[PDB]
Amino acid sequence: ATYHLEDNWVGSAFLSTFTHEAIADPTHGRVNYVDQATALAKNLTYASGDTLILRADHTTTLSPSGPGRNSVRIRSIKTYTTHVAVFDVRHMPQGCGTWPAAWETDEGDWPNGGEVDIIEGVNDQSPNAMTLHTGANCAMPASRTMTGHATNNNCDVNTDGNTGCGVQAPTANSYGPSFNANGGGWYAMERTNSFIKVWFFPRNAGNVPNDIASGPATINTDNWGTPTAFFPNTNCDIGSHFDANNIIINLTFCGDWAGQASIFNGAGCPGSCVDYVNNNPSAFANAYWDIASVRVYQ
Ligand SMILES: *[C@@H]1O[C@H](CO)[C@@H](O[C@@H]2O[C@H](CO)[C@@H](O[C@@H]3O[C@H](CO[C@H]4O[C@H](CO[C@H]5O[C@H](CO)[C@@H](O)[C@H](O)[C@@H]5O[C@H]5O[C@H](CO)[C@@H](O)[C@H](O)[C@@H]5O)[C@@H](O)[C@H](O[C@H]5O[C@H](CO)[C@@H](O)[C@H](O)[C@@H]5O)[C@@H]4O)[C@@H](O)[C@H](O)[C@@H]3O)[C@H](O)[C@H]2NC(C)=O)[C@H](O)[C@H]1NC(C)=O
Ligand SMILES: OC[C@H]1O[C@@H](OC[C@H]2O[C@@H](O[C@@H]3[C@@H](O)[C@H](O[C@@H]4[C@@H](O)[C@H](O)O[C@H](CO)[C@H]4O)O[C@H](CO)[C@H]3O)[C@H](O)[C@@H](O)[C@@H]2O)[C@H](O)[C@@H](O)[C@@H]1O
Ligand SMILES: OC[C@H]1O[C@@H](O[C@@H]2[C@@H](O)[C@H](O[C@@H]3[C@@H](O)[C@H](O)O[C@H](CO)[C@H]3O)O[C@H](CO)[C@H]2O)[C@H](O)[C@@H](O)[C@@H]1O
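Here the deposited numbering is used: the first residue of the sequence shown is 1, the next is one more, and so on.
1. In chain order, what are the residues with a CB under 6 Å from some non-hydrogen atom of ligand 3?
2. To the nearest angstrom, report how far apart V122 and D222 are at their CA atoms.
3. Keeping to the same chain, check which residues put their C-beta closer than 7 Å to that of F230; ignore five residues upstream and five downstream.
4. Pop quiz: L132 and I291 are said to be a contact at Cβ under 8 Å. What is the actual Cβ separation, rounded to whole angstroms?
5. Taking the alpha-carbon positions, what's the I23 to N250 distance?
6. Going by Cα to Cα distance, which pick from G135, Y288 and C138 is closest to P177?
7. Take the Cβ of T81 as the centre, count every other Cβ of all protein chains shown within 10 Å, and call the residue buried at 16 or more, exposed below.
8. Rounding to the nearest angstrom, what Cα-Cα distance links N246 and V116 in this structure?
9. Go ahead and label residue 299 buried or exposed: buried means 16 or more other beta carbons lie within 10 angstroms of its beta carbon, across all protein chains shown.
10. From residue 321 to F242, what distance separates their C-alpha atoms?
11. Considering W257, what are the terminal residues of the alpha helix (DSSP H) in which it resides?
12. Given that a residue counts as buried once 16 or more other Cβ atoms are within 10 Å of its Cβ, and exposed if not, what is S282?
13. Could you pull out every unbroken alpha helix (DSSP H) segment of at least 4 residues lying fully inside the region 191-220, listed in chain order?
14. Jot down the residue ranges of each uninterrupted beta strand (DSSP E) in the region 153-194, minimum 3 residues, whole runs only, in chain order.
15. Could you tell me which whole beta strand (DSSP E) segments of length 3 or greater appear in the region 255-297?
16. Helix, strand or coil for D57 per DSSP?
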């Protein structure tokens, strides 16, 4: 349960240790993922002092036949297996249509190298969801020790419309406008051969483990209390469903999840997701990540 610092990324460090993925959105969102040079020129990525900002374009009214709203998807150059990743996050994207995520996967063999969604939601709908998406023969037990609430317990992407096996965080301030009003917080994910765990601690938590909040070079997860989400190996060989994964942080719009009319309008958002995203640039001023650091331990 003891790990030691492997990477400590702050501010401009992200520009040399991650790349921007200028790809068509795998989730079919109303987005134009720009490359690193484009992001920096357009100030969609800003990386200086103790701050990384990743944001959507909030000035352009989109041509409906042209590409989607400019945004970014950054990916660590390094990959990881058994490790702990800690994200010190001051702000996450908000706004109707938004679908931000901080997560890990192996894109090159998806879903067979696994996927763990650490921070994720849509359309400002708290709470946070933590979810695995895998190949066949990977499920979760109905009862296991965690503070969050399991929804779906089958992780296999070819089941249930690829909901994955998810857990909802117990507090509103785990996600969205609630999280942002509270100044964010910390997300930590420990992955071993035997399990994946995620902890969320709000910015104002009186009980955030010092390991998580201060980022010393040595940590011990035994001292961290019960995880928010727990994915044991009872009904899933975790180690055989996950391989070496990159860390990804992104913001898309609409698409497979956020763009479903029932979900978008269910969230109180007007009209169609694509129309809204095209025509309301100012509504995306607060569609930004503000990240203080990301640390990895091995
Ligand atoms: C590209 O896009 C970027 C990013 O959006 C644009 O950058 C912004 O530029 C604008 C205009 O120039 C800046 O706006 C001004 O900011 C003034 C204040 O700046 C200083 O304070 C900011 C707030 O700091 C506090 O909060 C944060 C947490 O959010 C703490 O980390 C920090 O320590 C401070 O904590 C104190 O206050 C809180 C309460 O709020 C307490 O709880 C604490 O205990 C503390 O008492 C801060 O964000 C700024 O940091 C930036 O700059 C420093 C270098 O000085 C760097 O180290 C950081 O990494 C970061 O980059 C700064 O210290 C404000 O008074 C004024 O009214 C105005 O709003 C804005 O700060 C920029 N945002 C950044 C840099 O993140 C940029 O303009 C654009 N570029 C182009 C080319 O267009
Ligand atoms: O549990 C919270 C929340 O999860 C939502 O799902 C999130 C994931 O949504 C994914 O897209 C899916 C699509 O994959 C799915 O289409 C399937 C096809 O991909 C596949 O080829 O064929 C089958 C039919 O055999 C399709 O079902 O369609 C659903 C919508 O019906 C999409 O949501 C994203 O790719 C993935 O990144 C997300 O994790 C649920 O949609 C939501 O209901 C639930 O509340
Ligand atoms: O063409 C066949 C089929 O494609 C479908 O879409 C999926 C994508 O949803 C999927 O997206 C993955 C993400 O959900 C996950 O979060 O990240 C990974 C890594 O970036 C993505 O690959 O990608 C797969 C494989 O390319 C696609 O098949 C449509 O949903 C489906 O309707 C269509 O028939």
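Backbone N, C-alpha and C define an ideal beta-carbon position, used for all residues, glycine too.
Taking the coordinates as given:
1. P26, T27, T105, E107, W110, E115 and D256
2. 32 Å
3. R144, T145, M146, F195 and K197
4. About 23 Å separates the two Cβ atoms, so there is no contact after all.
5. 12 Å
6. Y288
7. exposed
8. 10 Å
9. A question about residue 299 goes unanswered here, because the residues of the chain that appear run from 1 up to 298.
10. Shown here, the chain extends from 1 to 298; a query on residue 321 therefore has no answer.
11. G255 to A258
12. exposed
13. 210-214
14. 165-168 and 185-191
15. 288-297
16. coil
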